[PDB]
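Participant: give the three-dimensional model of this entry:
(chains A, B, C, D, E, F, G, H, I, J, K, L, M, N and O, ligands or ions: 1)
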Amino acid sequence: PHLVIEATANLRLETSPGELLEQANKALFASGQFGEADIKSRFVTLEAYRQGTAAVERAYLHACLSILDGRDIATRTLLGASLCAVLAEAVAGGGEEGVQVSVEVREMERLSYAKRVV
Amino acid sequence: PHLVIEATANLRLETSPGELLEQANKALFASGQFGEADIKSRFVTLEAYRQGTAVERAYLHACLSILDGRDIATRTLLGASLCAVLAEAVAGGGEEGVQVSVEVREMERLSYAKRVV
Amino acid sequence: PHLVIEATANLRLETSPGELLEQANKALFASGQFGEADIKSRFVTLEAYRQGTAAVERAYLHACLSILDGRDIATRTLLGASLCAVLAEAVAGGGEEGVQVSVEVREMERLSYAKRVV
Amino acid sequence: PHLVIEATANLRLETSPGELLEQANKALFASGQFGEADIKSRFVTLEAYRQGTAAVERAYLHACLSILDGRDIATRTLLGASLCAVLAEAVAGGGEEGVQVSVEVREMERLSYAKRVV
Amino acid sequence: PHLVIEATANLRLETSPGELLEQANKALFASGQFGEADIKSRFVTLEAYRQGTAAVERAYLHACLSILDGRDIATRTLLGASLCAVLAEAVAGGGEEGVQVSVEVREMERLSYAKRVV
Amino acid sequence: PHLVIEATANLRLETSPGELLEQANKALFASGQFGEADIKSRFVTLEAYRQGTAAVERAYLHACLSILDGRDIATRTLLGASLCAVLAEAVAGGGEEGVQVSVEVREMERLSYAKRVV
Amino acid sequence: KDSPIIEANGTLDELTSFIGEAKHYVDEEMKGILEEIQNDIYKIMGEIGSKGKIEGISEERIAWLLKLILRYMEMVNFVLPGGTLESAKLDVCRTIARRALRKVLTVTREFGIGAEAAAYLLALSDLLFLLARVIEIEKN
Amino acid sequence: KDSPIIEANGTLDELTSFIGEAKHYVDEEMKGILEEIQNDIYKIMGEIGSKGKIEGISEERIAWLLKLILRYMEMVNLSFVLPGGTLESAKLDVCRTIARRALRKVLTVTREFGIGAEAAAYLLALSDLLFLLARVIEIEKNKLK
Amino acid sequence: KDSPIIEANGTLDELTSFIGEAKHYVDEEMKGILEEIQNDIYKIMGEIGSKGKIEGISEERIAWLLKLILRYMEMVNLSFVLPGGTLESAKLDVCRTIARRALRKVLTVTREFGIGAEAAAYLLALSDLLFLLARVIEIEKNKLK
Amino acid sequence: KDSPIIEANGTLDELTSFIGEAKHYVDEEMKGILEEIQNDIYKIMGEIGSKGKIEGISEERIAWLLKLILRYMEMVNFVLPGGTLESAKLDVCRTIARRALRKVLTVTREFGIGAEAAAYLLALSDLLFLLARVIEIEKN
Amino acid sequence: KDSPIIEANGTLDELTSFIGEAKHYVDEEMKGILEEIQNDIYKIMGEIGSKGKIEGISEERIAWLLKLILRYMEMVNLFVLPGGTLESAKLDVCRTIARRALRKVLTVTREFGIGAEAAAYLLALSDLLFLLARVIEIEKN
Amino acid sequence: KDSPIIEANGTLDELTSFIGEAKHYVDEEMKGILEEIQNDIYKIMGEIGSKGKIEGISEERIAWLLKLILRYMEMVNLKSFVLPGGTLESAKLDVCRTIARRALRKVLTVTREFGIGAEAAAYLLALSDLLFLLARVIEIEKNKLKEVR
Amino acid sequence: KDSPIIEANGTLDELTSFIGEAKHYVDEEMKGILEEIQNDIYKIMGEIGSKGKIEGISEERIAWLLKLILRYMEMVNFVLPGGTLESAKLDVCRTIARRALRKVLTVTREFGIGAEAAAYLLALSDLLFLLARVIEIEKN
Amino acid sequence: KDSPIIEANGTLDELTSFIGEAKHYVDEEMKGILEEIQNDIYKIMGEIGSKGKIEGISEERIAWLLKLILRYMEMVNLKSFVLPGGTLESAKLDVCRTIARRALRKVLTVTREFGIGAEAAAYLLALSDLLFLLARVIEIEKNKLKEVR
Amino acid sequence: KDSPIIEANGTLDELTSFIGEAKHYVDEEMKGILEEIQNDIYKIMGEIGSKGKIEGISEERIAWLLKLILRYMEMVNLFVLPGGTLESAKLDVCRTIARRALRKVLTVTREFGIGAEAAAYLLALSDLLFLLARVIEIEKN
Ligand SMILES: [N+]
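Facilitator: Residues are numbered from 1 along each chain as shown, chains lettered A, B, ... in the order given. See below for the structure:
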């Protein structure tokens, strides 16, 4: 599976991006759905962002987990909820109000997927 | 909703990326589909890019991600609304026309997670 | 179509990112599915990443090819496999073990797609 | 059609095996379903047999009629009933209790069936 | 597969029962459907038999091939036709008229079938 | 139910045909599907048989259990497995190689079936 | 009750009614046979109408038909139905018996009952054919 | 002559007829706007009626609706209001609901035949614009229910 | 966003828009009546649109329609008449038929989703009232066809 | 995976769990038997869950059940379930085995696999009945 | 009153009853956890039985299960036969009943579009119960 | 033969087996009641398994359950919802209650498809109500009502 | 006529056409055999096209194929198709024969005719395999 | 057993047979390539015939076709559409190309119904592309391009 | 991209390829005719592949086939086995492939209401190919 975590530059975290990724990967492995080595995550800081139209300082944190298709809705929902809890806990604050944390779970087409080990 | 705008480094915009993002969010709010605070957009400059195989080329691409449940009229309108904003924002770039494109995709609502800290 | 190639910063390639994109575009054109100018690819270096939970140093390379829907599974699979071959051959090394190379092919909704030339 | 009649060696009959086969063939012909020359019947005496598990002396009489498929359940049932009546009447006795008489009607696949006259 | 060949005692054959079984097994193998060692055939002489009701001397020859289900009707028909040709050629004569030769192909339920080698 | 056991004349058994029939009937009864008195079994020695085409000495043992339809596949399979275990254990040896043991379970049409006690 | 059941019972009722008409045109021996058949048909309607709860005809009743069939087969060697008025009635009953047979076959296929009754009706139709021919043969 | 095509074409025809009635109750500016819309609907009917053989409205036509929507939006700042504060605005409220009825018919064509998505987007935006135009008339006359 | 729900909601929206047009051609008394009806329709759209999550109109609202039906009934004593004896009454005849079209859409929702029975009853009574109001206007003007 | 597969595997998992509870209420000989059965059930879940790719139980495992059934049949001559607390546990396991059997039968009918596993579960339910009766008979 | 709703509600009721039995075989800490879980199941039955009209479990409740899963994963080195002890056997039973309930809820989710969070909870619950069962066997042997 | 029949009979069998286990945890009066219930279930299985050919439970058996339900309602005056299994004994009865409900679901399928077993279904519904009451009574007696949070 | 009939007849026509091409690359003995086969295929098209009204191939024609199969089996002991140009033609005909077989099987399943023709085509495909291997073996 | 499986396997068999014929009309290098292709098809037949139980072609086999496609694209710069079969040799390859497409259609049916054979399908698509190129190259070499009118 | 379209287009491609092979076994006059036919098939593939959006063959092309059919009917006295010569065998093969293509096009016509003229062309083509095959055998023997 592939996880992308996106954070606005004005978002303050309790831990480093490195540590957050480690916590995210541990949470994904706890699902029991994935081999350890197959969990690949990355963190991106957003420098050019806008939330809404209001002139209020806002920070947000978003994740997108991509997994190969075939897993049921319970698994997908659990994966999303597990990641959202981890991300929410890592938030220290940012902007002038609350921080929106969201997680999408999407499915990659298994039949056409290609993987190699070099 | 989450909007990602990607622009090649050689693309010249009419305004700053920040201003472009503001126009995009305003257009999205004018659809009447979303709460103002829910609209989140980001801009990315592509530093390593190739178009085709031959020539100086610039392009501009957006991907709008929304929770599923809305009909094709709404999705098409959202895409067309953003495409107009993006097209009007292009001042030039490269030695030819600038391709502008917008994808609208759907996030699975049932499995979606969100919390406010 | 739109191609995104992501490589961990510790990944060693046989060529520059620019040449890899050229090779990928050529492979995509050889499918016969696309007009030359329509093939748009970009390369991203990941600076903040984690693979799995183990302490072993790992590098990975991932691509996501987005195309307008309508093509059959044979075409989608051939595109993925073609890109995977190009990516795998471009890997020189990185990390302390094998490098996982993977390619996803996803479909953009054609009906709602908007495109203009300015 | 092909008729097989199996009788345990301790079964006593009111007639000879030959006479029994003649009666069976007349009963089968009286159904009106078959050409006279097509009715082929045989009688077998079972020398090595066991009925049940109890140390009781028992005799039985069983018949299997094989016909080409295509006939309805009324006809198949009439054939079995006709034969069963002929067999039951032929029984004088056997063992230390009543004699079980049974008749199966089975269907041969017509499409794959092969027949020739030399 | 299991092959049973039944011949009335008054049937004259051009070869021995043994030679006939050998010819049948070669014909069955020539279908290409079975392993050599799996073809099991037996010959039975009918001592107590009656054909029809008329006071005519008749002889017949019948075969029943039992195979595990799964093969299509073309194969089942080819097997029956192959066997019927072998049996018909083996017939020298019998009784006061032509000899009826027939072959059934039946299917054994594969799912419940039990087989072991001791 | 009706059980037929066929054994090639060159097959050596650990017990007599009679004892084998007793063991088979006890195994069939232990399924719980049948009344004791309804289990009718017979043993046949094959004097004229050929297995395969090769000039190899082989022996085989086959059984056919016939039951009235209506039972599910679990029951039909259990009956075959039970019988196959009894037959395989009874085999001492035969020919110049392993002995093939097999059991078929077939269903008699209940609707047309005829049975009487005299 | 169920439509196929209703149709089968009704057609059986029609059969025994037509037999009840025919038995006034035959001699005393055939009359005795036809009235036994009416009793058998009544037994069948009980089984069919009750969807198998009540017992129908025994194997022995079918055996009784077979005995009569074998008897009259001895006397009978393509003819138009109704050579005489009497034989015409039995030819009618024969065709009604086949119509009842078709109705009972539907019940057997759907509900898994009445197989024995179907067999009886088939044999009955054969007997009725034979009885019709015996009458004509005696009357030349 | 497939039924969903015939129904979609028919309802678009009904829409442009009601707009044609409405434009005689609005000021000259809105009348000009309504006539442009009538021309766009004519173009849409050609595409749908031909099962996509003839080109339909362009993205530019949708962008034009959006520009007007943004323009009249800064004049409207409503709670929910009852339709038809004035006779004039009631005519536009009617057209808005006819546009939505047309949108429903076009959506069936898109889902079954794969054509008319842009047309559907146009009709959705149109219904939004007609809402705004109606409130603008009511606000100007001080007749918001 | 189930199709029968969307269609029922859309048609109710069309009904209240036409009523909004009609109320500018009737006297003040009937205008007040039509505006109450517009508010009831708004309440009905909330219930249907939410698949019954939000409470719809009460029995009291139906009883109110019945009271008016009984009131205007003693003024009307018709043979059958052609719709639209006057311009004013023609507007109400239109609303009556739109109400029946809305009723048909709501009936599909009730049969498929088990909600909207009261709403359907309301629309049926409404169509009866609108019939009466139309004839009252014609009788007063002496214009019964 | 497929719903019938999921349901069959899950119900088999429930079966071995209930057996795992029951084995703490029986003596050492029966405990040994129940743990072999748990190993067999695990083998079956492998075959069923993999849609037949992985091999399931052998004929010999069924033969092993038959041997035990014949053994305890010797000791056992209409009774309410649960004469003792111990036998009650085995009666529970018996009914769960039948429930698993129904789930596996669906897989066999749909996918053409698990026939041997179905046979095993049927024989197992018979053994469990016998074991429950043997316990009660010893305790009078 | 739809059959899938009734079946899902009924099987959730069966789950909390078996948990109600098991909690008499565990220590006070584990009993506390199982009784919190019984409360969560009651909330889930409220939502499903009402076809989503009443709110179900919060995502905080899933996070709570996840916390416990991460905690007990450390004292378990993940194949062994179910029911190493009598106590752990009780939890193995509950785990399989939780999976059965999950199958019924999944049917509801696919047919009515509700209960996705409930299903995630039940899946997480079944994994926790597996771990608790193994932990008991370890802390005993 | 018929899957719904087999499933209903199998689930009824599972119910009387769990009742068979539970009856070793209750007192003599309740044990007597639970054993009468096992006999009723056996009668129900005979009717269902035969598709209504062998007679099932009489209406008097349902009247009997109702008598017990009225008797134990006098003893149970719950102010709130309670967590299942306040005691080990009551937990076994709660398990039996839910299995009875599962049996009821299977029998209902048989009733709607074959038109038999309505009285059996009614019996199972009343049984599940009685089992709820018995569970609570035991918890009252030992003061182990655990109210839902 | 019916679509499956049309497709079966057409594919049989394609088969005999490809055989007609192949017979110009083989020797005189094999040429004689292939032309007999063309006559048999023409007979089959008559039966299939007429939905069974006209008689098709006899059992003896199948017996003739079996005799040739047994003959060439004696000479032939996993190989790529088309070891030689000649054998490649027969390999093509073999696969066309299987394609015709699939088309005829559909007719047999739907209309209950052409079973004998299907058997013939199956045996033919086996013979063609053997003929292709015999050619290669002679040419090393 | 399954008709789509049988049809796909049968059509693949027909493809390698036509390739078997064509390889006697091309030069040694192309013959070598066509024989490698026959082996790949044999591997594909084994996987399809077993419904994905026996492994099929590796991704490296598809990479191999792509390498050849890129190599021969350098040699083919068509300005227009051309009529099939400019020479006898190229005609045989055009026949093979169309049979490969027919095989692809059958395998696609298997993929959509059974979820296996996607890589095989991808291989057949690339194969048909390569066969087109080889046909044109031969026609270039002999100057026998016949442009569509 | 519909399966019947793809199948019809593919089988037309197979037809023109086999004709492309056969034309190397005939004389110059016949080669000219076969290459005109290959052009007609290319036009047909354009129309079918575009679901009727692009125009197909004109009726003049059917008339052209009909002219040739009337011409060659005179030198053929219409039952003989296919493939009297190697050359004529090639045309017999093409004829049966033309019929296969016709079956696929017919399916398209019945489902989409297009390709009726194409189907008429293919039927006429198959009859001409039969005649050409017989003419070759006659002009040789
Ligand atoms: N998309």
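Participant: in the chain, where's the longest helix?
Facilitator: You didn't pick a chain, so chain A it is. Counting by DSSP state H, the longest helix found in chain A is helix A:73-90.
Participant: wrong chain, I was asking about chain G
Facilitator: helix G:85-111.
Participant: counting by contacts, list what that helix packs against.
Facilitator: Helix G:85-111 makes packing contacts with helix D:73-90, helix G:3-22, helix G:28-49, helix G:115-138 when contacts are defined by 3 or more CB pairs under 8 Å, 6 or more residues apart in numbering or on different chains; DSSP states H and E. From N, CA and C alone the C-beta is placed, and that goes for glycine too.
Participant: identify each buried residue in that helix, please.
Facilitator: Of all the residues in helix G:85-111, those buried under the rule 16 or more other CB atoms under 10 Å in any protein chain shown are G:86-94, G:96-101, G:103-105, G:107-108.
Participant: related to what we said a few turns ago, to chain K, which of the helices and strands packed on helix G:85-111 lies closest?
Facilitator: helix G:3-22 (28.4 Å; CB to the nearest CB).
Participant: tilt between that closest one and helix G:115-138?
Facilitator: Here helix G:3-22 runs at 30 degrees with respect to helix G:115-138, directions being taken by axes from the mean of the first three to the mean of the last three CA atoms, to 10 degrees.
Participant: how about helix G:3-22: buried residues?
Facilitator: For helix G:3-22, by 16+ other CB under 10 Å, it's G:4-5, G:7-9, G:11-12, G:15-16, G:18-19, G:22.
Participant: Serialize these to a markdown table and add fields for distance to chain N.
Facilitator: Output for the buried residues of helix G:3-22, formatted as a markdown table (distance: CB to the nearest CB, whole Å):
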| residue | distance to chain N |
| --- | --- |
| G:4 | 35 |
| G:5 | 40 |
| G:7 | 39 |
| G:8 | 40 |
| G:9 | 44 |
| G:11 | 43 |
| G:12 | 45 |
| G:15 | 47 |
| G:16 | 51 |
| G:18 | 51 |
| G:19 | 52 |
| G:22 | 55 |
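Participant: between the residues you listed, which is closest to chain L?
Facilitator: residue G:5 (14.3 Å).
Participant: is that closest one in contact with residue G:49, as I believe?
Facilitator: Yes. Look at residue G:5 against residue G:49 with CB atoms under 8 Å: they come within range, at 6.5 Å.
Participant: can you confirm residue G:25 is in a strand?
Facilitator: No. Counting by DSSP: H, G, I helix; E, B strand; the rest coil, residue G:25 is located in no strand; its state is coil.
Participant: and the nearest residue to it once chain neighbours are set aside, what is it in contact with?
Facilitator: Using CB to CB, 6 or more residues apart in numbering or on different chains and skipping the chain neighbours, the partner closest in space to residue G:25 is residue G:86 (4.7 Å). Each residue near residue G:86 by CB atoms under 8 Å, 6 or more residues apart in numbering or on different chains is listed here: G:25-26, G:135, G:139.
Participant: which of those count as buried?
Facilitator: G:25-26, G:135.
Participant: so is stretch A:29-46 next to chain J?
Facilitator: No. Figure legend: stretch A:29-46 not in contact with chain J (CB under 8 Å from any CB of the partner chain); closest approach 13.3 Å.
Participant: check which residues of that stretch are buried.
Facilitator: Going by neighbour count (16+ other CB under 10 Å), the buried part of stretch A:29-46 is A:29-31, A:34, A:37-44, A:46.
Participant: which of those fall in strands?
Facilitator: In strands, defined here by DSSP state E, the members of these are A:40-44, A:46.
Participant: enumerate the residues of chain G near chain F.
Facilitator: Checking chain G against chain F by CB under 8 Å from any CB, the hits are G:59, G:108, G:112, G:115.
Participant: now do residue G:85 against chain J, distance only.
Facilitator: Plainly put, residue G:85 is 59 Å away from chain J if you go by CB to the nearest CB, to the nearest Å.
Participant: my guess is that residue contacts residue G:22. True?
Facilitator: No. In this structure, residue G:85 is not within contact of residue G:22 by CB under 8 Å, at 10.6 Å.
Participant: ok, how many other residues are close to whichever residue of chain A sits closest to the ligand?
Facilitator: Here the residue of chain A nearest the ligand is residue A:106; by CB to the nearest ligand atom that distance is 11.2 Å. Per other CB atoms under 10 Å in any protein chain shown, the neighbour tally for residue A:106 reads 18.
Participant: list phi and psi for the most centrally placed residue in chain A.
Facilitator: With distances taken as CA atoms, centre = their mean, residue A:63 lies nearest the centre of chain A, 2.8 Å away. Backbone torsions of residue A:63, given as degrees, to the nearest 10, read phi -130, psi 150.
Participant: any idea how far residue F:86 is from it?
Facilitator: For residue A:63, the distance to residue F:86 (CB to CB, to the nearest Å) stands at 63 Å.
Participant: same question for residue G:14.
Facilitator: 56 Å.
Participant: and residue A:71, by the same measure?
Facilitator: 46 Å.
Participant: who has more neighbours, these two?
Facilitator: residue F:86 (24 against 16).
Participant: hang on, the more buried one packs against residue F:28?
Facilitator: No. Contact criterion CB under 8 Å: residue F:86 and residue F:28 do not qualify, at 9.1 Å.
Participant: residue in chain G with the shortest distance to chain J?
Facilitator: Closest point on chain G to chain J, by CB to the nearest CB, is residue G:112, at 19.9 Å.
Participant: spit out the contact partners of residue G:85.
Facilitator: Here residue G:85 is in contact with residue G:25 (criterion: CB under 8 Å, 6+ apart).
Participant: equivalent analysis for residue A:23, please.
Facilitator: Applying CB under 8 Å, 6+ apart, we find residue A:23 in contact with A:15, A:86, A:90.
Participant: the same query, at a cut-off of 6 Å, please.
Facilitator: residue A:86 (CB atoms under 6 Å, 6 or more residues apart in numbering or on different chains).
Participant: buried ones in the helix or strand encompassing it?
Facilitator: Per DSSP states H and E: residue A:23 is located in helix A:17-29. For helix A:17-29, the neighbour count (16+ other CB under 10 Å) marks A:17, A:20-29 as buried.
Participant: could you save the buried residues of helix G:3-22 as a markdown table and add columns showing distance to residue C:81?
Facilitator: Shown next, in a markdown table, are the buried residues of helix G:3-22 (distance: CB to CB, whole Å):
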| residue | distance to residue C:81 |
| --- | --- |
| G:4 | 59 |
| G:5 | 63 |
| G:7 | 64 |
| G:8 | 65 |
| G:9 | 69 |
| G:11 | 68 |
| G:12 | 71 |
| G:15 | 73 |
| G:16 | 77 |
| G:18 | 78 |
| G:19 | 79 |
| G:22 | 83 |
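Participant: nearest spatial neighbour of residue G:23, skipping sequence neighbours?
Facilitator: Per CB to CB, 6+ apart, closest to residue G:23 is residue G:34, 4.2 Å.
Participant: that neighbour contacts residue G:25, doesn't it?
Facilitator: No. Assessed by CB atoms under 6 Å, residue G:34 is found out of contact with residue G:25, at 10.1 Å.
Participant: can you tell me the closest non-neighbouring residue to the residue of chain A found nearest chain G?
Facilitator: Using CB to the nearest CB, the closest approach of chain A to chain G is made by residue A:72 at 40.0 Å. Closest residue to residue A:72 apart from its sequence neighbours, by CB to CB, 6+ apart: residue K:106 at 6.3 Å.
Participant: what distance do you get for the one you found to the ligand?
Facilitator: Shown here: residue K:106 relative to the ligand, a distance of 27 Å by CB to the nearest ligand atom, to the nearest Å.
Participant: so residue A:1 sits against residue A:67, correct?
Facilitator: Yes. Contact between residue A:1 and residue A:67 holds when scored by CB under 6 Å: they sit 4.5 Å apart.
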